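As structure tokens, the structure follows; a few thoughts come after it.
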Amino acid sequence: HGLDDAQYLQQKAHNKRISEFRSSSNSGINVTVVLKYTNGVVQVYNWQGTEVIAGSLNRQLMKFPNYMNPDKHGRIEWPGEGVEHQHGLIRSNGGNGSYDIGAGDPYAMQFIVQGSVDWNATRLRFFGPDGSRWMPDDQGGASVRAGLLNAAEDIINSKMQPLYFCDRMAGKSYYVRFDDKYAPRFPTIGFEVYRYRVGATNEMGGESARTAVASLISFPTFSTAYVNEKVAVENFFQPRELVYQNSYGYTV
Amino acid sequence: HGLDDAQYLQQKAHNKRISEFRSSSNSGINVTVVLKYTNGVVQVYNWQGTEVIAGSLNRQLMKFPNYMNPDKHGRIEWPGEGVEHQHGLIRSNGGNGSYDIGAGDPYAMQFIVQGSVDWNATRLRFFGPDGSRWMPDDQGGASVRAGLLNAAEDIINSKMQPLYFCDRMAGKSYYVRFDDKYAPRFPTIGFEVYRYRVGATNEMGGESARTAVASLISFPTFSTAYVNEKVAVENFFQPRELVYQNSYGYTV
Amino acid sequence: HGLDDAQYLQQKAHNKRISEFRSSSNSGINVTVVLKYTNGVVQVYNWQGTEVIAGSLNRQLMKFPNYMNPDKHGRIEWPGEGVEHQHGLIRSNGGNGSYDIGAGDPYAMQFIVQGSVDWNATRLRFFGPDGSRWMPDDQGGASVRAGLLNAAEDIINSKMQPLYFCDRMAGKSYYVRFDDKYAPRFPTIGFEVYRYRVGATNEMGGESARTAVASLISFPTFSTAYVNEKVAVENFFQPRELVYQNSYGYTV
Ligand SMILES: [Ca+2]
Ligand SMILES: [Ca+2]
Ligand SMILES: [Ca+2]
């Protein structure tokens with residue numbers, strides 16, 4: 001030996017570069033919401049950002065199908081799951097002739113965050129279908145006058161599971177069923193995800209103000225619905241090198 | 001007496017807490033746009049935020065029905081009120097075969113703001129259907145070169161009416177008809193609503209920059225259309241404890 | 001002479017006012033995305049702002065028709081260009097029974113920026129249909145782990161063409177074909193456009209923080225599709241006094 005140490009070192013340097021690039025303030029951080037439906041459908045929403053990733057989904061987008069992702073016949077709503085149905089979710093006994101539970105009302109959600117993220121700072125907020133701040137312990141939803149928009153429970157970091165890519169943790173995932181227990185049965189959501197900083201300089205303000213504000217909405221939001229998780233993982237998540245926990249609790 | 005002063009005081013403390021919580025920077029502020037249609041339909045858009053609530057509605061969302069709120073048959077546009085119709089609004093005599101005035105073109109709007117808000121700072125901007133800055137006094141719409149994006153008239157605070165919840169003012173409401181007089185006949189809107197601060201520390205910047213920027217889009221926007229105001233008030237506004245002025249000028 | 005110098009001077013002062021008003025931090029800056037389709041259709045998206053204009057378009061809005069701009073029959077998708085089609089764009093050979101290239105997949109884009117803009121600071125980012133950061137030189141799309149969200153090539157200022165209104169430059173335009181050469185064949189985009197400042201005070205932060213953040217989303221986004229460029233120019237661009245480069249390279 002050692003006749004190919006230069007090629008080796010070069011590959012080593014390349015690997016180091018890709019793996020550590022995540023900590024760059026100009027790399028991507030990713031927030032993915034995977035909605036799960038009792039017919040096997042999964043609807044993906046994926047946000048990208050550099051310093052801060054924020055967003056939300058109201059019922060119109062929590063449900064399937066919708067104006068963003070029509071079903072295979074170009075329909076954005078289903079019979080029995082249209083306006084009257086939504087009205088019955090907004091207010092108990094406030095609807096009319098519709099299905100009790102929509103086929104297109106998700107039963108669960110996976111929330112995935114990937115990147116060099118300030119994990120502890122992550123906020124995931126649950127609201128009812130009417131935009132009311134939701135509370136655990138059979139407390140129901142809070143009005144606008146009593147509703148705490150930033151609660152201790154929004155910090156979900158400790159409930160999230162570490163997801164590895166090779167030998168390092170790449171991201172964290174949270175799985176929750178919509179059962180009125182640990183989450184609303186017909187929720188809407190808001191979220192905030194923050195860049196982990198390798199220094200003390202505030203890149204959300206000062207000389208960085210103009211780009212910090214712009215970056216909030218200057219990255220397209222990917223979204224689609226897939227016939228099932230298997231297809232979503234092979235055709236989206238894997239090629240993106242987004243980590244994802246499958247139905248069996250495996251990181252894929 | 002006084003054998004239940006502890007229960008009394010406790011209820012008193014609870015009431016004080018809910019009523020004053022509104023001034024907390026972590027409470028909710030609410031901005032509601034209620035669009036009114038000549039068929040009795042009201043379309044509600046409700047934004048929530050902590051420090052700053054901003055948003056806008058273009059014609060696609062000013063009209064009914066739309067991709068956000070389809071009619072009872074899953075339709076997002078009506079015959080005679082589709083693309084050619086919109087084209088006739090954008091430019092005088094620029095359309096073709098459509099109704100002169102859409103059933104789904106709103107005739108009026110109520111703008112409601114609720115919370116501990118910096119009332120004087122509120123901005124409501126009117127634009128034409130083509131995004132032109134609209135002007136009063138038969139001046140018409142301004143081009144991009146002459147258009148003032150922040151005008152004295154955007155400060156509508158003095159035209160808004162105080163809306164009480166019990167013995168305190170909870171919010172303010174502005175009612176305007178779309179008649180080319182005090183508002184465009186086919187308007188689009190933009191708005192900015194600001195947290196009233198109980199101190200001098202700028203919570204929109206400095207150490208608060210990261211959360212101030214995130215909070216702009218991290219709360220879901222509620223939206224629906226109701227068959228009439230009566231149903232909207234009993235099934236949405238009242239349970240939310242959002243104040244609202246009805247068709248008779250009454251606070252409900 | 002000179003019996004009408006007062007009228008002359010007055011017109012002169014008026015002209016000076018309109019022409020220089022663009023440099024006011026309270027004037028408008030405009031960002032227009034014109035998508036071009038092989039059937040002659042052009043779809044316009046026009047953003048307005050004061051200090052910073054940012055936005056993006058995912059495939060749902062890059063394509064025609066969509067939920068924002070339905071075709072003449074109220075349809076938001078076409079046969080053979082619906083969900084399965086989108087799936088074939090997201091992943092090579094990941095779709096099924098659909099047209100190879102949608103009639104509604106744009107073949108080119110004009111990107112126009114107008115106002116007193118910090119021209120050099122302009123960012124236009126290209127992504128693939130799956131939200132992957134796109135690269136030139138047959139390099140393909142980058143994963144989330146390797147993707148550089150702020151690249152040297154996003155600064156397109158030097159590739160843009162000056163567009164005059166009278167004797168001054170009013171804006172700049174960039175024309176690009178979606179051919180996998182200088183742009184993705186099925187792109188999605190994100191952009192950031194910045195106010196040119198006539199002073200050193202940072203109006204994106206400090207005492208200007210609250211309004212800087214709000215202004216990001218407080219101006220409605222105009223959007224429509226026109227049967228062809230000729231109609232779009234006479235009925236939208238010209239009356240708005242937005243400069244625009246036509247199919248012949250002429251400023252109109
Ligand atoms: Ca308990
Ligand atoms: Ca007058
Ligand atoms: Ca080369």
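Going through the structure tokens in order, the chains are called A, B, and so on, while each chain numbers its residues from 1 and the ligands are numbered from 1 in the order shown.
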Return as a JSON list (two decimals) with N, CA and C atoms, in the first residue's frame the residues belonging to chain A that are within 7 Å of chain B, counting only C-alpha atoms.
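Listed below is the output, selection.json:
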```json
[["chain", "number", "residue", "atom", "x", "y", "z"],
["A", 52, "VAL", "N", -35.80, 29.69, 9.39],
["A", 52, "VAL", "CA", -37.06, 29.45, 10.07],
["A", 52, "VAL", "C", -38.06, 28.87, 9.09],
["A", 54, "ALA", "N", -42.04, 27.95, 9.01],
["A", 54, "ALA", "CA", -43.32, 28.12, 9.69],
["A", 54, "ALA", "C", -44.45, 27.84, 8.70],
["A", 55, "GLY", "N", -45.58, 27.39, 9.21],
["A", 55, "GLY", "CA", -46.72, 27.13, 8.35],
["A", 55, "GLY", "C", -47.92, 26.64, 9.11],
["A", 56, "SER", "N", -48.96, 26.27, 8.39],
["A", 56, "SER", "CA", -50.17, 25.79, 9.03],
["A", 56, "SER", "C", -51.03, 25.08, 7.99],
["A", 57, "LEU", "N", -52.01, 24.32, 8.45],
["A", 57, "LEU", "CA", -52.96, 23.66, 7.58],
["A", 57, "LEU", "C", -54.33, 23.81, 8.19],
["A", 58, "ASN", "N", -55.27, 24.42, 7.47],
["A", 58, "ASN", "CA", -56.66, 24.43, 7.93],
["A", 58, "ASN", "C", -57.40, 23.19, 7.42],
["A", 60, "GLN", "N", -59.54, 22.60, 5.14],
["A", 60, "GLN", "CA", -59.57, 22.49, 3.69],
["A", 60, "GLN", "C", -58.37, 21.71, 3.17],
["A", 67, "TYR", "N", -58.32, 21.29, -3.00],
["A", 67, "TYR", "CA", -57.99, 22.11, -4.16],
["A", 67, "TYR", "C", -56.52, 21.95, -4.52],
["A", 77, "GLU", "N", -63.68, 17.71, -3.60],
["A", 77, "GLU", "CA", -64.45, 17.26, -2.45],
["A", 77, "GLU", "C", -65.27, 16.02, -2.80],
["A", 82, "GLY", "N", -68.64, 17.36, 1.93],
["A", 82, "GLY", "CA", -68.52, 18.72, 1.43],
["A", 82, "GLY", "C", -68.90, 19.75, 2.47],
["A", 83, "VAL", "N", -69.57, 20.81, 2.05],
["A", 83, "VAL", "CA", -69.75, 21.96, 2.92],
["A", 83, "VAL", "C", -70.55, 21.62, 4.18],
["A", 91, "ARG", "N", -69.04, 22.93, 14.40],
["A", 91, "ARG", "CA", -69.93, 23.05, 15.55],
["A", 91, "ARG", "C", -70.65, 21.73, 15.74],
["A", 94, "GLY", "N", -73.97, 20.97, 14.07],
["A", 94, "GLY", "CA", -74.11, 22.18, 13.28],
["A", 94, "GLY", "C", -74.15, 21.90, 11.79],
["A", 130, "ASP", "N", -62.65, 24.59, 14.09],
["A", 130, "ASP", "CA", -63.11, 25.98, 14.09],
["A", 130, "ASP", "C", -62.00, 26.97, 14.44],
["A", 131, "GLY", "N", -60.76, 26.48, 14.56],
["A", 131, "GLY", "CA", -59.62, 27.33, 14.85],
["A", 131, "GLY", "C", -59.42, 27.60, 16.33],
["A", 143, "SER", "N", -61.90, 29.48, 23.68],
["A", 143, "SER", "CA", -62.35, 30.62, 22.88],
["A", 143, "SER", "C", -61.16, 31.55, 22.61],
["A", 144, "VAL", "N", -61.40, 32.60, 21.83],
["A", 144, "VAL", "CA", -60.36, 33.57, 21.50],
["A", 144, "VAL", "C", -59.93, 34.37, 22.72],
["A", 145, "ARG", "N", -60.80, 34.46, 23.72],
["A", 145, "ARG", "CA", -60.52, 35.29, 24.89],
["A", 145, "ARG", "C", -59.62, 34.58, 25.90],
["A", 146, "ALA", "N", -59.77, 33.26, 25.97],
["A", 146, "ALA", "CA", -59.02, 32.44, 26.93],
["A", 146, "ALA", "C", -57.87, 31.64, 26.29],
["A", 147, "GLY", "N", -57.88, 31.53, 24.96],
["A", 147, "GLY", "CA", -56.92, 30.70, 24.25],
["A", 147, "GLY", "C", -55.47, 31.16, 24.32],
["A", 148, "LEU", "N", -54.62, 30.29, 24.85],
["A", 148, "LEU", "CA", -53.18, 30.52, 24.90],
["A", 148, "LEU", "C", -52.51, 30.04, 23.60],
["A", 149, "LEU", "N", -52.06, 30.97, 22.77],
["A", 149, "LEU", "CA", -51.50, 30.64, 21.46],
["A", 149, "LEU", "C", -50.11, 30.03, 21.50],
["A", 150, "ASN", "N", -49.40, 30.22, 22.61],
["A", 150, "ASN", "CA", -48.09, 29.60, 22.81],
["A", 150, "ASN", "C", -48.03, 28.86, 24.13],
["A", 188, "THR", "N", -56.69, 21.16, 13.11],
["A", 188, "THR", "CA", -55.94, 21.95, 12.15],
["A", 188, "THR", "C", -54.65, 22.27, 12.89],
["A", 189, "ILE", "N", -53.59, 22.59, 12.16],
["A", 189, "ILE", "CA", -52.30, 22.72, 12.81],
["A", 189, "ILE", "C", -51.55, 23.97, 12.39],
["A", 190, "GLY", "N", -50.64, 24.40, 13.27],
["A", 190, "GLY", "CA", -49.66, 25.42, 12.95],
["A", 190, "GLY", "C", -48.32, 24.96, 13.49],
["A", 191, "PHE", "N", -47.23, 25.35, 12.84],
["A", 191, "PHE", "CA", -45.92, 24.89, 13.30],
["A", 191, "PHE", "C", -44.81, 25.94, 13.11],
["A", 192, "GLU", "N", -43.75, 25.83, 13.90],
["A", 192, "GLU", "CA", -42.57, 26.68, 13.76],
["A", 192, "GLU", "C", -41.33, 25.86, 14.03],
["A", 204, "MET", "N", -31.72, 36.01, 12.42],
["A", 204, "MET", "CA", -33.12, 36.38, 12.19],
["A", 204, "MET", "C", -33.35, 37.89, 12.20],
["A", 205, "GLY", "N", -32.30, 38.65, 12.47],
["A", 205, "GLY", "CA", -32.44, 40.09, 12.60],
["A", 205, "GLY", "C", -31.14, 40.80, 12.33],
["A", 213, "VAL", "N", -36.70, 37.59, 6.82],
["A", 213, "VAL", "CA", -38.12, 37.78, 6.55],
["A", 213, "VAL", "C", -38.51, 37.17, 5.20]]
```
**OP:** Please identify every polymer residue within 9 Å of ligand 2, using only C-alpha atoms and all ligand atoms, and present the set as a list in words.
**Re:** residues 136, 137 and 138 of chain B
**OP:** List every residue of region 74-151 of chain C that DSSP, applied to the backbone, labels as strand (DSSP E or B), and write the result as a PyMOL selection string.
**Re:** chain C and resi 108-114+117+123-127+133-135+140-142+148
**OP:** Quick one: everything within 8 Å of residue 38 (chain C), counting only C-alpha atoms, minus sequence neighbours fewer than 2 positions away in the same chain. Send it as a VMD selection string.
**Re:** chain C and resid 36 40 to 41 103 106 to 107
**OP:** Work out how far apart CA of residue 65 (chain A) and CA of residue 44 (chain A) are and give it in Å to one decimal.
**Re:** 12.1 Å
**OP:** Within region 48-195 of chain A, find each residue whose DSSP state, derived from the backbone, is helix (DSSP H, G or I), and express the selection as a ChimeraX atom specification.
**Re:** /A:59-62,83-90,119-121,152-154,157-159
